[PDB]
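Residue-level listing of the chains:
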Amino acid sequence: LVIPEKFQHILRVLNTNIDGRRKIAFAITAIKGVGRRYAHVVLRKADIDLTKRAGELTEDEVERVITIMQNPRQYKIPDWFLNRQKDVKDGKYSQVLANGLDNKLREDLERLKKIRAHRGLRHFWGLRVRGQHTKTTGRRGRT
Amino acid sequence: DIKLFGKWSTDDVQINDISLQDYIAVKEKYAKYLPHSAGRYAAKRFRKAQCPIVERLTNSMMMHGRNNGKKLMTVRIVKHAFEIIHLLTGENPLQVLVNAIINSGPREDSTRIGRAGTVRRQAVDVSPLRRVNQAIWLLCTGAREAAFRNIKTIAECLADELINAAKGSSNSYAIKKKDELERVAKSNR
Amino acid sequence: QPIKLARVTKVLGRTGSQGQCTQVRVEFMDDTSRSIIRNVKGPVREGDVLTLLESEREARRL
Amino acid sequence: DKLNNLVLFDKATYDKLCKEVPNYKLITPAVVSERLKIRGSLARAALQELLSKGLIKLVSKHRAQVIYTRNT
Amino acid sequence: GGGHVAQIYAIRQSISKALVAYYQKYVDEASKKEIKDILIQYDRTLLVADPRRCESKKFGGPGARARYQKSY
RNA sequence: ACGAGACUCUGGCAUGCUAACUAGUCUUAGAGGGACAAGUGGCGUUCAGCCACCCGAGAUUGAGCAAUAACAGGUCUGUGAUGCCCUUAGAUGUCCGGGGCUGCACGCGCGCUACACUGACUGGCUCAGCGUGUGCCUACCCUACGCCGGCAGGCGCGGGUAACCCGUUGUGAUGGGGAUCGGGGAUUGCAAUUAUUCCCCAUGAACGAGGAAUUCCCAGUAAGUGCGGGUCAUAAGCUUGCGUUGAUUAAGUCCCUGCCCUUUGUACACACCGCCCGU
């Protein structure tokens, strides 16, 4: 139970710029497509256990999960583990990266804004698209 | 073979006096090998007082709306680290056990006056049971605040619980707050 | 400040603008047995025992 | 506001902190975690390695407080 | 039975009652008095079950005692 | 003589009883028993009674019903229950039909909601519902395997007039509880968006007890939860019930609001939201 790895005070995965304060391997919120049941399924399929020491965990596991996410369609694995599915402009699940870019694409509002629809301006004002009631409850969204 | 628990025994712990058993009373059916005797302590007054001291300390910590009364928590806590410290000590915890709390205890509290006025409180006492248990409740709050937003957690303060439990000297914190209020109220005697 | 063990003889009742203090009467056991009165907070059962840690605390009545 | 503690495994520094725990009166992972201010899981791994050396025996398992003891 | 307080402590009531009946029937009654006195003098809850049960939801309120908030 | 009590229903109890091929006398429901302040202490013209304690399943144990006179309280929009003053043909009959009210600078009133090894998954040991369910109407009832992406389920497939079927229904913003919002096959309801319809990517929201004024509550209280009926298309966010988890505080007082078994004052009696005086 002794590892020859050294403690690293500089570690970089996906070219983000965030503070390293708490532990790792489930504070991966900065990493957008790895974690929870999909990562657990991949890890259990990789046949690795929890025998070693916690806290000092490197990024080989997350890199392997990302790499297996690169080409998931070949193995016929159930493809309901990706963010934007059945989207316009591509019938296949294409890869993207970088911070400050996923958030924009989480709301593809360009086409609905173009068609002069009420749902575009429902989304735009930050108000309720499905119609959450907001007159006595539901005042959050701007605080 | 009438030994209490599996490691103590009642044939030798004597005070040769039959009036100082207000805190430890193991001579009849009320003795428990494990405090999980179930039951209610709010059906009628003086029945919360007729709780054994041990069970009151272990239960009374139930507060907030999420751990409210779930006796599994109390029994698991009192079993855990107790099973460990009994074998890992070898010696007697009796000294600290007794000598922090069960005479840390205050000796008076305060009550309202006249028909108006919330600027001072007249000093009264109680028969030591109610005062000691109010101190115990504030010590439960103190153990929370030593766990709640802090480092030392719940189900690892068995030394402190044994301290809160046993018999007769003074080292506490919430009880010295109670003693400061003691003096403040006693400034009217 | 002697710890004196006294027996409760009669419990009066509650006092306060809403009721916050309880009156009892206690007789000493080995101090030339006589009866005094004192106020007290919290449960104090029928004919229980009080500890007069001080022999001078008197509660005003009404 | 987590503290910075030397966790580096070195030729020299490593074999100075693995021989300081048994020099205290009350030695348990919870006590060391409240006093020496290092994760209790490190103490858990330490006593597990002590078990691996064959000088103690396991009794029960728990994610917070483990039970390894001796009877000799 | 589901519920620890239910099936547990039912096991102890069961062992005590079966043992008491067996001793009463098969050997004598004085020995039965001695052993049953010992067992039910260890604790009382053996022969008594809790009579508390959920009471009916009452009138014009979410629960048996709570009431819908009254507006002035 | 009413009212109160008694009384009915309701839960609580048998090393007892009347018996079931769906449980093996545990479940169901009995002509019945059991508590009565009964036993013992302490307070009580030692009365009515109060407190305590063994014993006991249970020792001020849920609700229902509930006195004349009442009030111009509500109901003629529940009623070929009701006396006729009295409009309009835009009959306040019909016909999957047609704007709203699903606005957000809020004018108000019920409502939707828990702070960390307690909150939440490893799915690694037998769980409860109280109850509902298909033709005088009537055409609408509750539901178990396969096409399989990951299950209700687009079509067949049987059971149930029901105890038989549904159904034994590491020191605090991190991993921890979700701020709008998008994909998978959608339960088949013309329209749902101008209220019917699943969880997964962790995209980050004052992320740890709250203006004046505050409503409800004393033990299986409150509160957290889900579940079943009424409404009905399995339409609930409402209501009426039901269980599961479950208890910190008080066994008090008349201070606020209000009530009652008294005396007292009155110039009030439409009764103090009165009466009434003054250029």
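For the structure itself, look to the data block above.
Residues numbered from 1 in each chain as written, not as in the entry; some residues may be left out. Chains lettered and ligands numbered in written order. Part of a larger assembly, values for the part shown. Heavy atoms only, no water.

Draft legend 1. Seen up close, the protein's contact with RNA strand F. RNA strand F sits among 95 residues. The nearest are A:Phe26, B:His64, B:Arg66, E:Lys57 and E:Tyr68. Near-protein atoms of RNA strand F (within 4 Å) split between backbone and bases, with sugar and phosphate holding 64%. In this structure, a base nitrogen belonging to RNA strand F sits 2.7 Å away from a main-chain N or O atom of B:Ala42. Here a sugar or linking oxygen of RNA strand F sits 3.4 Å away from a polar atom, N or O, in the side chain of B:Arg115. Secondary structure elements with two or more residues in the surface near RNA strand F: α1 (36–45) of chain A, α2 (71–79) of chain B together with α2 (10–26) of chain E. Each residue belonging to the surface near RNA strand F can be placed in one class, and the counts come to 26 nonpolar, 32 polar and 37 charged. (Near = heavy atom within 4 Å. Polar contact = N/O pair within 3.5 Å; in protein donor to acceptor, adjacent residues only side chain to side chain. Helix = DSSP H or I, 4+ residues; strand = E, 2+ residues; numbered from the N terminus. Nonpolar A, V, L, I, M, F, W, Y, C, P; charged D, E, K, R; others polar.)

Draft legend 2. Summary view of the interface of chain B and chain C. Between chain B and chain C, the residue contacts involve 20 residues of the former and 21 residues of the latter. Between chain B and chain C, the buried area comes to about 1800 Å², and carbon and sulfur atoms account for 54% of it. Our enumeration of links across chain B and chain C arrives at zero salt bridges. The interface formed by chain B and chain C includes three residue pairs in polar contact. For the side of chain B that touches chain C, the secondary-structure elements that each account for two or more residues are β1 (109–111), β2 (122–124) and α5 (128–147) of chain B. The element contributing the most residues to the side of chain B that touches chain C is β2(B), with three residues. A per-class count over the side of chain B that touches chain C returns five nonpolar, five polar and 10 charged. (Contact = heavy atoms within 4.5 Å. Buried area = accessible area lost by both parts, 1.4 Å probe. Salt bridge = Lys/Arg side-chain N within 4 Å of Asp/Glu carboxyl O.)

Draft legend 3. Up close: the packing of aromatic side chains. Counted under the stated rule, the structure contains six aromatic pairs over all chains. Taken together, the ring pairs in this structure connect A:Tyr38, A:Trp80 and A:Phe81 into an aromatic cluster. In this structure, B:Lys29 packs its charged tip against the face of B:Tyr30, placed 4.4 Å from the ring centre. Note that C:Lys4 overlies the ring of C:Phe28, its terminal NZ or CZ placed 3.9 Å from the centroid. (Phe/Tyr/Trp six-rings, centres within 6.5 Å; stacked < 30°, edge-to-face > 60°. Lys NZ or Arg CZ within 6 Å of the ring centre and 35° of its normal.)

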